[PDB]
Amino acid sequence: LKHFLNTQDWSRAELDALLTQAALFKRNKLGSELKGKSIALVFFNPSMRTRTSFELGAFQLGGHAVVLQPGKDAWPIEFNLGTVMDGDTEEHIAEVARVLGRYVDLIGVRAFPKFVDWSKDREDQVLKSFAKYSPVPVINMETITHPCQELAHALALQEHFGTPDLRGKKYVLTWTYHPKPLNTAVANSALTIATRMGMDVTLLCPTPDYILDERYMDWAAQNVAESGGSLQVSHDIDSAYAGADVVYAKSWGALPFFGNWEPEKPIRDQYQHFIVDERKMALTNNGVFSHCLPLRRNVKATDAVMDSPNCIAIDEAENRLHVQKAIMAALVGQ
């Protein structure tokens, strides 16, 4: 059974095929690839774009999305094995995935880390459990990685430069400020796809404490060696932005401070200057800027940057619809 948990699990040929189908769907949006089929969108956290794009995607392909929010409308789920379920959880994922598998053709899952302990969050328990027990394909709608965002992002870049081959371009993945520590998911994903695409990637962040989990630094390394691009970690803003072709911003809390954010708060506040403004963007090679959204203006990026013709954030957001339809079409087959 083939799932869409991470682009890293797919071959370059398969990913290129997904991106091409995405481009095709963008030209002809209505289809019958999901005629009479259905997808269960399981959200453990908030969403606007994700719920909307998947729901519309299913509709445009003749299918139907059922939106579920455990703990909200659906019942809370247990993932640990062998435990005595006498707590808050009402049913086990083993039953949840099997039942849904009798109803729907696809299951999408969004579940952010709990932020109590990265040791457990990095295990991707919810996602892996769905994939394990589900008799139908599972799609990652964002957990500790955000593969759908990777392809929406990649497609937007290919559309911007007018070519699928992004090798040679200087890609800057920069950390940005936010009054709170966030998931590293989008950052992990950006690093993964930018390298897989063979670009010269620079992970710009304040201190070594903000470097991403080794798992992804390693995927990136393997990606570079096989793509022809390069990987580099930087802590100097100006040297990073210099001659960049793409600037992708994202904020996240330092992994070393998981479950103990009290002390990291004063640490992030000292770098609220990492904000992407006209000044920094002026250092790039007429580079494009984007963010996965939602974005806090004048905090992560300035109004001027967000409104510049170089900002492709809206295009990337739109592409979520097309890339997800490509993913759902690829996973079904009945």
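Throughout, rigid core stands for the largest set of C-alpha atoms superposing within 1.5 Å between the two forms. Quick note: we count residues from 1 along the sequence shown, nothing fancier.
Across the superposed structures in 5 other deposited structures of this protein, aligned by the core, the stretch whose Cα atoms lie more distant on average is 85 to 93, chosen from 85 to 93 and 211 to 219. Of the two stretches examined, 76 to 84 and 222 to 230, the one with higher mean CA deviation in 5 other deposited structures of this protein after a rigid core fit is 76 to 84. The question of which stretch, 213 to 221 or 143 to 151, has the higher mean Cα B factor is settled in favour of 213 to 221. When the C-alpha B-factors of 296 to 304 and 262 to 270 are averaged, 262 to 270 comes out higher. The top Cα temperature factor in the record, among 87, 137, 162, 113, falls on 87. Sort the modelled residues of the chain by CA B factor and residue 94 lands in the middle third. Ranked against the other modelled residues of its chain, the C-alpha B-factor of residue 198 as given in the entry falls in the middle third. Among the modelled residues of its chain, residue 285 has a C-alpha B-factor that falls in the highest third according to the deposited record. In this PDB entry, the Cα temperature factor of residue 192 sits in the middle third of its chain's modelled residues. Among all modelled residues in its chain, residue 126 ranks in the middle third by Cα B-factor.
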